[PDB]
Amino acid sequence: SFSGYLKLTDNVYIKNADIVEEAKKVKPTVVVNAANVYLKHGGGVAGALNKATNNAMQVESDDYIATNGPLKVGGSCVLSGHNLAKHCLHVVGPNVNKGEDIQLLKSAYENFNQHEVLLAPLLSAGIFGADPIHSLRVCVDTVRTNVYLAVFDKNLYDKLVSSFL
Ligand SMILES: Cc1c(NS(C)(=O)=O)c(=O)n(-c2ccccc2)n1C
């Protein structure tokens with residue numbers, strides 16, 4: 001199972017870890033991807049998860065978009081986890097660098113409540129431009145299921161833990 005996580009609340013845990021390396025090690029039922037509406041996994045967590053699947057995640061995602069059209073900002077879809085997890089929950093948090101409504105971050109985290117346990121990144125953090133401290137706050141106040149957060153940056157991990165209310 002998950003190891004080396006710091007407990008933040010009854011259901012939220014956090015670790016300074018590369019989510020691809022965590023997924024390969026644990027092979028969770030659900031790994032969350034920090035997706036965009038087009039499921040174009042170019043950079044950040046999405047690019048790293050896709051590269052770990054040898055681009056199979058992108059091929060599957062392009063078929064999904066060809067059939068269904070784009071996701072909504074705040075929305076999600078369940079696809080295969082390939083070699084990383086049983087499933088990948090592609091969740092679209094607002095990209096504040098694209099002027100998307102940060103209030104949609106709570107809607108994005110609500111998708112996690114449809115799964116008993118997830119390995120996840122902080123939504124809208126990193127290249128999505130939101131304040132990661134705010135993202136962790138929204139996570140703990142929204143998600144009721146068991147979420148294991150993998151925060152790649154050590155310095156951000158320390159700041160998140162030391163400032164956690
Ligand atoms: C690598 C990285 C982030 N991704 S993460 C959540 O995997 O550590 C993240 O959110 N960043 C950041 C740090 C300070 C303030 C705002 C954002 N950094 C630099």
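Sequence positions, counted from 1, serve as the residue numbers for this chain. Worth knowing before you read on, the calculation uses all heavy atoms, side chains too, and leaves out hydrogens, waters and symmetry mates.
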(request) Anything under 30° is parallel, anything over 60° is perpendicular, the rest tilted; go ahead and classify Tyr5 against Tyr148. (result)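 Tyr5 and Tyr148: perpendicular rings.
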
Using a 6.0 Å cut-off, check whether atom [atom1] of [X] has over 12 heavy atoms from anything other than its own residue.
X      : atom1 : value
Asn54  : CG    : no
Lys154 : NZ    : no
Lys27  : NZ    : yes

Got [X] and [Y] here, is their nearest side-chain heavy-atom distance under 4.5 Å?
X      : Y      : result
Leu119 : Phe2   : yes
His115 : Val78  : yes
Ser107 : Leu105 : no
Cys139 : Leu123 : no
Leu39  : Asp62  : no
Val117 : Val30  : no
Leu118 : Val31  : no

Answer yes if the side chains of [X] and [Y] hold a donor-acceptor pair under 3.5 Å, and no otherwise.
X      : Y      : answer
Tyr38  : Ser61  : no
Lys106 : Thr142 : yes
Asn95  : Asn36  : no

(request) Please step through side-chain contact (heavy atoms from CB on, under 4.5 Å) for the pair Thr145 and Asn11, ending with a clear verdict. (result) CA-CA 6 Å; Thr145 55; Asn11 64 298; 5.8 Å; no

Using every non-hydrogen atom in the two residues, find where [X] and [Y] come nearest and quote the distance to one decimal.
X      : Y      : result
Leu89  : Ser76  : CD1-OG, 3.7 Å
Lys25  : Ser3   : CE-OG, 3.8 Å
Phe164 : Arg137 : CE1-NH2, 3.0 Å
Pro94  : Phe128 : O-CD2, 3.8 Å
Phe112 : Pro121 : CZ-O, 4.5 Å
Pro70  : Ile65  : CA-CD1, 3.9 Å

Rounded distance (nearest 0.5 Å) linking atom [atom1] of [X] with atom [atom2] of [Y]:
X     : Y      : atom1 : atom2 : value
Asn97 : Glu100 : CG    : CD    : 9.5 Å
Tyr64 : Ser80  : OH    : OG    : 14.5 Å
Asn33 : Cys88  : CG    : SG    : 4.5 Å

(message) Donor-acceptor check, side chain of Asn111 to backbone of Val91, threshold 3.5 angstrom: yes or no?
(response)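 Checking the backbone N and O of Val91 against the side chain of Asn111, no donor-acceptor pair under 3.5 Å is found.
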
(request) Take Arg144 and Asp10, measure what salt bridge (charged side-chain N to carboxylate O under 4.0 Å, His left out) needs, and give me the verdict at the end. (result) CA-CA 9 Å; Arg144 298 177 301 282; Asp10 288 320; over 6 Å; no

(request) In plain terms, say whether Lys24 and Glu21 are close enough for a salt bridge, that is, a side-chain N and a carboxylate O under 4.0 Å apart. (result)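 Salt bridge: yes.
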
(request) Decide, yes or no, whether a salt bridge links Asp153 with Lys159 under the criterion of side-chain N to carboxylate O below 4.0 Å. (result)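 So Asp153 does not pair with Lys159 through a salt bridge.
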
(request) For this output row, return yes or no: ring centroids of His41 and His90 closer than 6.0 angstrom. (result)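 Yes, they do, as the ring centres are separated by less than 6.0 Å.
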
(message) With side-chain contact (heavy atoms from CB on, under 4.5 Å) as the criterion, how do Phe152 and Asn16 come out once you've worked through the C-alpha distance, each side chain's angles and the decisive distance to 0.1 Å?
(response) CA-CA 6 Å; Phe152 183 64; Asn16 175 34; 5.7 Å; no

